[PDB]
Amino acid sequence: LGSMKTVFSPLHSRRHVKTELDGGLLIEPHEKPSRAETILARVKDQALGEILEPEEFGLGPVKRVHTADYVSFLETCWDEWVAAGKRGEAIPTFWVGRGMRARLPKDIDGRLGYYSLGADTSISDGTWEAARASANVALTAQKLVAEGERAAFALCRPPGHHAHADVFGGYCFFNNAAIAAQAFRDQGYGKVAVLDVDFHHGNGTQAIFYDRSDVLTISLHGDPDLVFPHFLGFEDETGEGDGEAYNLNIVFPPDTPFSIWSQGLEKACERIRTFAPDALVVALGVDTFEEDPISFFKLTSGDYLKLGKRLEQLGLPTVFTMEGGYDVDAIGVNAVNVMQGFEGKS
Amino acid sequence: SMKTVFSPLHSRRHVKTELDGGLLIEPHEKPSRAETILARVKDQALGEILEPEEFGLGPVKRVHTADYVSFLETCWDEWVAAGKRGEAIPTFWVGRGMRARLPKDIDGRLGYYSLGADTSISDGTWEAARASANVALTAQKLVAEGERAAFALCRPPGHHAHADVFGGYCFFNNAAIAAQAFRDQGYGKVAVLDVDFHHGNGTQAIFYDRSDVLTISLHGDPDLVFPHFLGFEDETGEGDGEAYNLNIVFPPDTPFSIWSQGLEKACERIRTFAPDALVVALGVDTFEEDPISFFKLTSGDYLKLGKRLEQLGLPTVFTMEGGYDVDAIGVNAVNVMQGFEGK
Ligand SMILES: NCCCNCCCCCB(O)O
Ligand SMILES: NCCCNCCCCCB(O)O
Ligand SMILES: [K+]
Ligand SMILES: [K+]
Ligand SMILES: [K+]
Ligand SMILES: [K+]
Ligand SMILES: [Mg+2]
Ligand SMILES: [Mg+2]
Ligand SMILES: [Mg+2]
Ligand SMILES: [Zn+2]
Ligand SMILES: [Zn+2]
């Protein structure tokens, strides 16, 4: 087929937390280093293309998307947590409930809650460094496409699409897709589209660009009435101000198969075609998989070949940022199938 | 003289886990709290002890929303039916920039209705919250019908609960429910004074736009402690309620000699308000040995607190809130009542 380059960090376990709050218990996290190891091993076994390590871009490009206070918090959170004498990993306990003030406090517990949307995303040693590397993985891929590649695969871990300008959660810290999209904008690309095919709503990407018409954000996902993130992702969220009609949410119910999901994909592709962007960022999750342990769609591994083919037909410079997908048995087959279908396999 | 209302049903709330510092720990708000106070009440022969009357959900719903009362009744069953294996703890909530919109899934509802993940729900939590509100309402009834004061030995506590938010070990706001009951019975003005170490954010929120119920709280600086996002001194009310909320904040290590200066400020605000009845949300987590709080009151200081409260000369309902050193919790709480009665 064709060839696609993949950017990856060799330190798969830089982020290495051991707890995630789930169903009232502290379990082993779903977003585990073996996710990245397994995808990388399938990239190599399939000879998808060249594999390279990220360039360091520093925090400059990260701060085009995230606030300075938030970027500082994530760097110091673990140290401050340990210094306050807590014995577990860093998990929020308290937050800005409805009727309370969106006011940044001093105490580390208060700041953890202020900056989070969920308690599923433990922070420990290495988390800051891992988030930085994953952002650099996305920016290296963006650089590859800007300098001539049709597409590149940013093997991001941790993922990013739930991260707001200053809110972390859903296993995400820095919004890698939004950082790559904004990097395209900063490099003179007039219009960028961000298409979120992870099972969950990309609420962070929607929020970051919500009042802007230069970045079109679209997400297909399970009904937030039923699943995370619960409080964004509904189809009536179409943008605000100049961003009115430049956000599109497409929602599906439990057990949705490719035959139906692909109708939503076609709707998203039509919206992209009318927008006529200059580059495309695909926030790629394969938690739409029929065996994914926390999601309820029914795509088969062969469906990811079809997804990649349909994405290529859009005809755009394309960066893929890796998001979710938690059946590690099949994560490599599924994610690399998208790249292979984009490159002509099917 | 002073009567105490106590429900043995409080023990139906007996959770095994509390999220604290990233770990699931033995909960601080444990059944021995109410039992140790009750044993001191009997040992000191403070007064008659009675069980609550059943007032139904009506008076509860004068303060809390109907959806929220409904949620608390079914939350545990819904949680078990969705296949969760632990106790019921919220994982996701309305983060900043998200919609305050009620979803269908149990996880989404838990987050919508909560302000923290420290308050696990399990079987019997609903029953105990109901009985605790009836304890407060029975104490209010005793006062309204002639008693100078009454002790509502509530467990679980209430002062962190908003009209439709739970957290901080609280589900129904027992103090607010008794306050609203005074108002519904023709008491023109009511004051609620919160001496628990933490801010009574639930009580503040419930009456925040009202001038007929004056809410005052002394507490540790929320920049430093729970509940973090309310309780600052610039929160004075809104609409008709501006100047009818007063927060008095203190830093770590504050002793009674300083804390009681804030108490005097509170009492003068009450004196000028001139209420027809007073509700005291009584926590003894201001105690020098409290495991989660940073004030330095002594057991003897609680006698001084109770005496000062009596000098306000008002019909007074005490609702039990916090206090987590179980060794001294009985001595401390009953010291307030005894200092009130003249000890
Ligand atoms: N395990 C809890 C169910 C919902 N939580 C999912 C975590 C964040 C979404 C993951 B993703 O790939 O967007
Ligand atoms: N344990 C960590 C501090 C925050 N948790 C306290 C919750 C409120 C209970 C205290 B009460 O008596 O008002
Ligand atoms: K999505
Ligand atoms: K937009
Ligand atoms: K207080
Ligand atoms: K008020
Ligand atoms: Mg703290
Ligand atoms: Mg399998
Ligand atoms: Mg759920
Ligand atoms: Zn996902
Ligand atoms: Zn307290």
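Remember, it's 1-based here, ligands and their atoms both numbered in the order they're listed. Below, all heavy atoms of this structure are taken into account, side chains as well, without hydrogens, waters or symmetry copies. Each chain gets a letter, A, B and so on, in the order the sequences are listed, and its residues count up from 1.
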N247(B) side chain to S217(B) side chain, donor-acceptor N/O pair below 3.5 angstrom: no
Flag for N174(B)-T319(B): side-chain donor and acceptor within less than 3.5 Å: no
Polar protein atoms near the Mg ion (ligand 8) [N, O or S; cut-off under 2.8 Å]: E291(A) OE1
Near-ring test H66(A)/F174(A), centroid separation under 6.0 angstrom: yes
Under 4.0 Å from ligand 1 - residues by heavy atom, chain and number: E20(A), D120(A), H161(A), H162(A), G170(A), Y171(A), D198(A), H200(A), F228(A), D287(A), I294(A), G324(A), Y326(A), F92(B)
Partner set under salt bridge (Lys or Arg N to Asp or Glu O under 4.0 Å) for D20(B), not counting sequence neighbours: none
Among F287(B), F250(B), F295(B), ring-ring contact (aromatic ring centres under 6.0 Å, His included) partner for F197(B): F295(B)
Separation between NZ of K32(A) and CZ of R15(A), rounded to the nearest 0.5 Å: 13.5 Å
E89(A)-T19(A) side chain donor-acceptor pair, cut-off 3.5 Å: yes
Note, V286(A) side chain near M322(A) side chain (heavy atom, < 4.5 Å): yes
Approximate separation, where rounding is to 0.5 Å, of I331(A) CD1 and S301(A) OG: 11.5 Å
Whether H160(B) and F226(B) hold their rings parallel, tilted or perpendicular, with breakpoints at 30° and 60°: perpendicular
Heteroatoms of the protein, restricted to N/O/S, which lie under 2.8 Å from the Zn ion (ligand 11): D196(B) OD1, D196(B) OD2, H198(B) ND1, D285(B) OD2
Pair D107(B)-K84(B), salt bridge (charged side-chain N to carboxylate O under 4.0 Å, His left out): steps then yes or no: CA-CA 10 Å; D107(B) 295 298; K84(B) 333 289 204 171; 2.8 Å; yes
Ring centre gap for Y171(A) and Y326(A) strictly below 6.0 Å: yes
Cation-pi, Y112(B) ring and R101(B) (6.0 angstrom, 45 degrees): no
